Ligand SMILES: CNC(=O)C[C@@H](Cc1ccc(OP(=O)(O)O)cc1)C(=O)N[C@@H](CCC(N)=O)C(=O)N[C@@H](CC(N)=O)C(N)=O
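Okay, so here's just one chain, in structure tokens, the form solved without this ligand.
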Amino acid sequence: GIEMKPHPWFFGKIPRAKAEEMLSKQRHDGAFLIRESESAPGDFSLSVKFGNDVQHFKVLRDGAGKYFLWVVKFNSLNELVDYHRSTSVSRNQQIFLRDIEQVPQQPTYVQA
């Protein structure tokens, strides 16, 4: 298609709505985006379609000079996105972080 270098995982201060909205459109479970807080500094919330609706994880700053959802610390969102890759991000069940974007496939024209 025309998907150039998937950007991890930026949805600039995307309106809580717009986020939830489309992000809700998601079929399966594990669609996420990290929306950059308007003015706030290193404020990042990881949204995930946690069934029934859209959940959001405030990747807070500080704690010990770093980002931390609830507990486990991390210097890089990747470490986060990654950390919550094998062990999900919710005991209630099993969650997995997947690109909130379906592959670019082959737009128009099939095979050749």
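Quick note: we count residues from 1 along the sequence shown, nothing fancier.
Not pictured, yet referred to below: the form solved in complex with this ligand.
Checklist entry - Is the binding site on this chain open or blocked for this ligand after its pose in the deposited bound form is superimposed by the nearby C-alphas, counting blocked as 3 or more ligand atoms within 2.4 Å of backbone or C-beta? => result Open.
Item to check | Selected contact from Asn75, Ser39, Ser86, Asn52, since only one has a non-hydrogen atom within 4.5 angstroms of this ligand in the deposited bound form | outcome: For this set of options, the contacting one is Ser39.
Checklist entry - According to a 4.5 angstroms non-hydrogen atom cut-off, is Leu69 in contact with this ligand in the deposited bound form? => result Output for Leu69 is yes: heavy atoms within 4.5 Å of this ligand.
Checklist entry - So in the deposited bound form, does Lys18 come within 4.5 Å of this ligand, heavy atom to heavy atom? => result Judged by the heavy-atom cut-off of 4.5 Å, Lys18 is well away from this ligand in the deposited bound form.
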